[PDB]
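Comments concern the structure below.
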Amino acid sequence: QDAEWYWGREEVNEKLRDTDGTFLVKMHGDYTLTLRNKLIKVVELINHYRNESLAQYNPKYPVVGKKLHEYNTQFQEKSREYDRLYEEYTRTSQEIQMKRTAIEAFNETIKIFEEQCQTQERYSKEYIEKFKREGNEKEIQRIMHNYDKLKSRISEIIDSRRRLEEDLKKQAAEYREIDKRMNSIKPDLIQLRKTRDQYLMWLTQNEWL
Amino acid sequence: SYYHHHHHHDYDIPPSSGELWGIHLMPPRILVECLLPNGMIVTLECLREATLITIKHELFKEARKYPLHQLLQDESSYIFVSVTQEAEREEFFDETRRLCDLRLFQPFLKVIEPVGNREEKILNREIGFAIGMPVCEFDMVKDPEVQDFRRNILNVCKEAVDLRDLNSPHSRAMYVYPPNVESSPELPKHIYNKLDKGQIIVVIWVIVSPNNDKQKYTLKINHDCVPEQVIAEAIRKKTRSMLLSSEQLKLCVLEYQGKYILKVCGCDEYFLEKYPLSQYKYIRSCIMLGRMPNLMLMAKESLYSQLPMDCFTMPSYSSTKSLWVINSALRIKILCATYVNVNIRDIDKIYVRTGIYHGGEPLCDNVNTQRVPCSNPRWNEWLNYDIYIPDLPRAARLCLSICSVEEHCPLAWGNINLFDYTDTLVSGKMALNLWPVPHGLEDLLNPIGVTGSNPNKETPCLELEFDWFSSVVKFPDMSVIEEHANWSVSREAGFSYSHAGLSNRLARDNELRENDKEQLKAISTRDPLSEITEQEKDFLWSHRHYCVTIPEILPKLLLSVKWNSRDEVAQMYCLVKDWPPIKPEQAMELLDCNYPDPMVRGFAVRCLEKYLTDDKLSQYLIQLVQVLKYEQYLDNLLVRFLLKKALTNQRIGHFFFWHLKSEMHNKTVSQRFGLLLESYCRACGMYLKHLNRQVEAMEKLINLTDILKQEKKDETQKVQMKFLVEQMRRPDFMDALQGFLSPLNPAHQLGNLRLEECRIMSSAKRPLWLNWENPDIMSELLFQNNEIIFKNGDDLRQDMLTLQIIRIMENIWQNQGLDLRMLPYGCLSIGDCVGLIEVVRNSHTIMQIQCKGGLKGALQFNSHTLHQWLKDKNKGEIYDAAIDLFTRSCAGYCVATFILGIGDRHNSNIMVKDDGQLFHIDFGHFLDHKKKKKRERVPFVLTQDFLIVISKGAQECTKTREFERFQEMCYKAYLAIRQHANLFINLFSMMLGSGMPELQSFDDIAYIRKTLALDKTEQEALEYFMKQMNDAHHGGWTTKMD
Ligand SMILES: O[C@H]1CC[C@H](O)CC1
């Protein structure tokens, strides 16, 4: 009866989850072969098909109690760490894109001011050459005052943008650094997870969990 | 001693923006740079809340006092413009708008003469506000498909708007205010019995002179008589007189009769066509709640007075080789993943896994070798796939993923349609930017993920190359596939008398066996998750022609076809061509991920077009919007269906807007949904402007709660609440938060705020309790005050679904004649963890019941207090009915809960109402998300408190008839749902789309199998449930009525 691969749906697919070629075995049928997920409707028939393929029959890998609590608290610790870092990832993704849009906005803003100091050059220096003597130093200063705002203002905006850009790179660095660690956690999450189910498999042959 | 003196040396004790960039709420007074046509800047100091009319009017006074004044025109010659936070140059036409409400990025205003001769047309602004992304963001998308969608979808919009002005103004009124009608006119047996032989007392109201005074007219008419009949009877009673003969009455009825229609007193609902009164939802509520309906006689030409015209205008934007000729297998060149984030320490080596798919794989999965591992990863292989290029099915897709090393581990994934939207096999070089692996996915390849690249630049961009056949290879026409089938079938007729793997084809001919015809229907009835074996597949596929007798087998049959055999597939396209239509609830299965084919899905849409009612559509609308994600291409039959129903019936439209808009944050659908929402908004009529007022309301609340949750934390509720109220007073809030329609149900208008009742709830998330005046004329007859909770923090859409599922469970139960009043309160997600929950007045948490019944000196809380508190509320014959309700409610919620396996539930999330109905709140994780750490749990564990109440009041409550009745409800409920388990699977199946962690892949849904016990027979399932119900309670349930 023991028969390794024989157990005798939900927990069939879960034991089959992450394994290609792996398998395990009333008024409807009897025994089903779930070869990875291909269900096929006893010890005689499987010893033949471990050696040979399934193409000639139908055209198109026969795989303590306190330790459960210890390895469960690692896994549950690691899952939070993974869950934490996936937010940090997804938030930074957003924050970054909000910067990029902001940088576009900044750039677009700057245009309008570059356009403005230009626009004023046109009409201001049309009004210097007409007349000249009338309101000479009076007019031309109070036009030049306004201009010296416009440009020194532009200056702040361009500094305001730069400062943002430099932050985008550090953000992008940290963004990289999160995925990097995630990708090193991920393999060892699965081995913790996989051994926890083999430990918990042997027992069955809540307060810990 | 405590900690074996072990030192933990390591341990150490130490959002979108709002009114301007990087700041939530602009300062009450502020400086704005005004860039003029003459090149002059003047910085204006002006208030946060000031209109542009005011700012402009002041600017051209203050400009006079700067040089070059004579170079400015009159102020009226100009319109403000600035850079917004979506980073586009918005022109500010609606100068009534306030400086805080402009979404301004930097506080400045450029002055211009208006660019576009069509000012009308640059109210695309209205659309992209509604949408939350500017329309100009679509015009500069290169992609033909997108442009093609946009131009082609107007076909549908035009047809919709045509259906509306058919019998203007009635049909317009019919659009806006579609009749709110229950599914069937048949009445359940328990509802009827509340009618003393088929009749309801109703109350019709009227308004005379000066229009202030109102007048009752209390009729008693048959349940099944209609609005026109009811409207007569009122006008009879209204105008009987001693001065009117009998015959002179008839003649004054007949002129009057159809100048009126029936409103519902207190909310914008109407009874606008030939329907049994019973069938309107308002009526049938009143019957169940023991209430006398209050309608209003409303004069058609005061109603049609209020309805506008739609104002629809068309937007400005108005040789090949057959696949099967290609004699070669598929091969794909991988090239170079440019970017990757891997520790060369921790990870050995990395490769690209690959596969072709149709939901499931049509060939052995393969990889390329473990090359340039980690540091600067590149492979220049040709992957070689064992499938011939003519056996690719229409819907085929490459699915790939970069991985790590049995140390097998995914890094970044991405899928590509092998055919474009124009039927063209993909050939050349592709740039495919990849998606990160989600939480619950440990698997390597992810084929139920989104078809398409990530739009995000800074992501693992794996580029690749596709074999070239000197020509644009195309998928064959139907004419062609029809002939291949006919030849394949005439070919079958004359095969070698015996064929092995007899699974291939019949061998029984026009006489198939009767033992077999019984095996087929027994398959047909098994749920969608009961996986089907290779025998059964072949067996189904052979008898495919008899399968047309049992249409409901189709889902199974389709999953038996070998999609990698164009012979089979072509044949299956001819079955499906004129397969008998099926029930909408059954056809929905066929729009999930398991059915990606365009002919299959086309069929399902034809089912809905025929059978699916505007009632049933709007019940399952959440599942139909979700299922759009699994459509290969933007433009398709399903989209064309929904969009048209949206533009046909404004009650659908409303939720269709919000469900799409809800998910706009999610870049797996932003393009698709934004584009669809553009269409809807372009053609929906004046509701756009109504929707924009809701949209502007929510943004303000979003910003309000955003500031409460950061910086205003670590202040006393006192300080917060004073801030809240202060803020809500400012004009911009009063403007924005008063004259509008509840998104929870737009039939309710939200009037002025009563800030006396507006408050922050105690939760950490800082949810707002908001209260509005019901500005209806007959407000008093329904509810004078209307209050709903706005919640900034939680993901509402898990709850949204269970509340849906419950609602549906209720309907099943009741419409089969078995009364189990559930209370699926309103819930609505409108953003990334943002939403609205209908308040139920006069309900309290059991905890509240117990603190309000806890005796002077602390001691312990009493089990009877619930009962005693309930008795206090219901005294007399009134008492007895209130227990039956608690029992009927407690039974439904027991079963629903257990089947769904929702979060464990306790004193602070079970609620009882004054009238004695129990209902649950805060469901949290539904299909047992916390088991990840065969529990088959009972989340609703009936303590004494409940049991005492259930049996009218006793000791040892297990042993009363009252409780035996209760159990018998629980069993008859449990089974009735079991018989509709197909639907429930399918509802959950269609929701795998959304990124809810509780719906990641189909075994998540498999919980509902064990709990409904679908593998067993019903007599066992009954007993399974009693077994389950007995060990959580420890007694009562195994006995059988002694
Ligand atoms: O049998 C396999 C199992 C997984 C499903 O989603 C597809 C088919």
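Protein sequence lines, in the order shown, are assigned to chains B and A.
In terms of the entry's author numbering, the first sequence is residues 329 to 336, 340 to 350, 352 to 357, 363 to 373, 378 to 382, 401 to 419, 426 to 428, 445 to 586, 595 to 598.
In terms of the entry's author numbering, the second sequence is residues -26 to -13, 5 to 308, 323 to 409, 417 to 944, 948 to 1056.
Note that the Cβ used here is the ideal one computed from N, Cα and C, for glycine as well.
_At a CB distance below 9 angstroms, what residues from the region 74 to 85 of chain A approach chain B? Give them in sequence order._
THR74, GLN75, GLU76, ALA77, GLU78 and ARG79
*asked:* Looking at chain B, is there any beta carbon in it that lies within less than 8 angstroms of the beta carbon of A/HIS450?
replied: yes
*Assigned secondary structure, A/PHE70 (DSSP; H/G/I helix, E/B strand, else coil)*: strand
*Compare the C-beta of B/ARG523 with all C-beta atoms of chain A and state if any pair is closer than 8 angstroms.*
yes
*Taking Cβ positions, are residue 1081 of chain A and A/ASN465 nearer each other than 8 angstroms?*
For chain A, the structure presents residues -26 to 1056; residue 1081 of chain A sits outside this window and is missing.
*Mind checking B/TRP583: buried by the 16 CB within 10 Å criterion, or exposed?*
exposed
*Would you mind working out which of B/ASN488, B/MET525, B/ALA486 and B/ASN517 sits nearest B/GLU502, comparing C-alpha positions?*
B/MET525
*asked:* Using the Cβ count rule (16 or more neighbours within 10 Å means buried), how would you classify A/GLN96?
replied: buried
*Using the C-alpha atoms, what's the distance from A/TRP552 back to B/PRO418?*
15 angstroms
*asked:* DSSP has A/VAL955 in a bridge; who is on the other side?
replied: Note: A/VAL955 sits in no beta bridge, so no partner.
*DSSP state of B/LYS419 mapped onto helix, strand, coil*: coil
_Test: B/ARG465 CB closer than 8 angstroms to a CB of chain A_ = no
*When the Cα of A/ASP608 is compared with those of A/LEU686, A/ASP625, A/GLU642 and A/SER629, which residue comes out closest?*
A/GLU642
*Report whether the distance from the Cβ of A/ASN457 to the nearest heavy atom of ligand 1 is below 7 angstroms.*
no
*Relative to chain B, which residues along the region 46 to 58 of chain A have a C-beta separation below 8 angstroms, given in chain order?*
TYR56, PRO57 and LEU58
*Shorter than 8 angstroms from the beta carbon of B/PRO568 to some beta carbon of chain A?*
yes
*asked:* Under 9 angstroms, CB to CB, which of the residues in the region 13 to 47 of chain A have a partner in chain B?
replied: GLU23, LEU25, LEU26, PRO27, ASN28, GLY29, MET30, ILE31, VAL32 and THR33
*asked:* Just to confirm my understanding: we take A/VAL680, look at its own chain, exclude 5 residues before and 5 after, and list those with CB closer than 7 angstroms. What are they?
replied: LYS640 and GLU674
_A/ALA341, DSSP secondary structure in three states_ = strand
*Can you name the residues of chain A whose CB is closer than 9 angstroms to the CB of B/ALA486?*
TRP11, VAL73, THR74, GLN75, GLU76, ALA77, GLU78, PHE95 and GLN96
*Hey, is B/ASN378 close to ligand 1, as in C-beta under 7 angstroms from one of its heavy atoms?*
yes
_Segment limits, beta strand (DSSP E) that includes A/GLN189_ = 189 to 195
*Whole-angstrom Cβ separation of A/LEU766 and A/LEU748, contact assumed at under 8 angstroms?*
The pair is not a contact, with the Cβ atoms about 10 angstroms apart (cut-off 8 angstroms).
*When DSSP labels each residue in this structure, what does A/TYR584 get in the three-state scheme?*
helix
*Length of the line joining the Cα atoms of A/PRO381 and A/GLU109*: 53 angstroms
*Give a yes or no on whether 8 angstroms exceeds the smallest Cβ distance from A/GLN546 to chain B.*
yes
*Determine the chain B residues that contact A/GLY512 at a beta-carbon separation under 8 angstroms, and present them in chain order.*
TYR416, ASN417 and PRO418
*How about A/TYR1021 and A/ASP939: do their beta carbons lie closer than 8 angstroms?*
yes
*Since A/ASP454 meets chain B, which of its residues come closer than 9 angstroms, beta carbon to beta carbon?*
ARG348 and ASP349
*Would you say A/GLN634 and A/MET1004 are within 8 angstroms of each other, going by their C-beta atoms?*
yes
*Answer yes or no: does any C-beta atom of chain A fall closer than 8 angstroms to that of B/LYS530?*
yes
*Pull up the distance between the alpha-carbon of B/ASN344 and that of B/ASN378, whole angstroms please.*
8 angstroms
_Let me confirm a value: A/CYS301 is counted as buried when at least 16 other C-beta atoms fall within 10 Å, else exposed. Which label applies?_
exposed
_Determine, for B/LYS561, whether the minimum Cβ-Cβ distance to residues of chain A falls below 8 angstroms._
yes
*Contacting residues, own chain, Cβ-Cβ under 6 angstroms from A/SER629 (five flanking each side not counted)*: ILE663
_Against B/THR500, what residues of chain A qualify as contacts under a CB-to-CB distance less than 7 angstroms, listed in chain order?_
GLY29
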